[PDB]
């Protein structure tokens, strides 16, 4: 394993003897991770990376039905719980019962607002985060019924209701503004085919203002480059077919710098710590950046791998981010939840599967049963569900008015 090797131990943190609150914390994670790595040596077994797929399936399978009061804090993010669960199952190639899928469809219908969009639960004001989630969920199911839950004529109204003169959108009426709104709108509008000619007017330009001196993208112009926001920005531009509104060179140097030499996983910001959910928000930016670069006819691009260590990211996740009882997590010690479960898995899948036209170099770490179904680097739903959804809505006219 790349990680359990002896030279990899030189990838340890160089403190410069000038220790700050950052060195300290980084060094702390490194030791907890080293332990995991050396887990094998100390116990005298041969290393066998395996994805506790059944344990994870039973966790997910239960949460799709009910959660403890510990989830009272995500009581306004219910369509998200459907999406995270229904996507983890989707990647674990697990089943979505023709009855459960319906309930999900029926529940989301209760979340949907008469003004268009979706709320965090029955009766909540529509918000773009839950809307993005609900739409992705409905597409993962992908049936006349699910698709039919989505009110396209109302969704455009809503999208237009949040639209800002400078190109940005609010997340909800009277709500905040940051790149998530741009990606959320772009993802749902494109999939459901409601993109009019002036819907995203000036949106690519605002998103490009979020790109700062680091090569990365921030929440709003002027802010620090952040992985979750950079994924929102890049993916939003890919949708709008305007990746080029950015300096892709520096964005590439920035994202690639986010992978932790010693841990293998990614960090959300320069000088922060590794975190399993970033296995998708940050690593997902390379496939996006492959297309982009190859699109402008780039020759130096690989035909088998992404511009990040696919091996190291799979070791990090498999070894360090898996919960014995099921579910995945931030890093060792952290508690398990459906968000990290959905994103550690999405990242594993990104790391295991490459593409480049007709090239297909999958890399599956450990037990070959560890390979996951594929996921689309823009929507983060199975590439087949994406294709199936867009075309189905494509036979509907854009709500012209």
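Numbering follows the first chain given and starts at 1.
Colleague: Out of 241-249 and 109-117, which one has CA B-factors that are higher on average in the deposited record?
Modeller: So the stretch with the higher mean C-alpha B-factor is 109-117.
Colleague: Looking only at CA atoms, which has the higher mean B factor in the entry: 352-360 or 50-58?
Modeller: Per the PDB entry, the higher value belongs to 352-360.
Colleague: Going by the CA temperature factor in the entry, name the top one among 230, 322, 296, 310.
Modeller: Top of the list by C-alpha B-factor: 296.
Colleague: So if I compare the CA B-factors in the entry for 150, 286, 171, 274, which one is the largest?
Modeller: Out of 150, 286, 171, 274, the record gives the largest C-alpha B-factor to 150.
Colleague: Check where residue 140 lands among this chain's C-alpha B-factors and tell me if it's the lowest, middle or highest third.
Modeller: Highest third - that is where residue 140 ends up once the chain's C-alpha B-factors are sorted.
Colleague: Ranked by Cα temperature factor within the chain, is residue 161 in the lowest third, the middle third or the highest third?
Modeller: It belongs to the highest third of the chain when residues are ordered by C-alpha B-factor.
Colleague: How does the C-alpha B factor of residue 344 compare with the rest of the chain: lowest, middle or highest third?
Modeller: It belongs to the highest third of the chain when residues are ordered by C-alpha B-factor.
Colleague: Ranking every modelled residue in this chain by its Cα temperature factor as given in the entry, which third contains residue 123?
Modeller: Its C-alpha B-factor belongs to the middle third of this chain's values.
Colleague: Rank-wise, by C-alpha B-factor, drop residue 261 into the lowest, middle or highest third of its chain.
Modeller: Middle third of the chain for residue 261's C-alpha B-factor.
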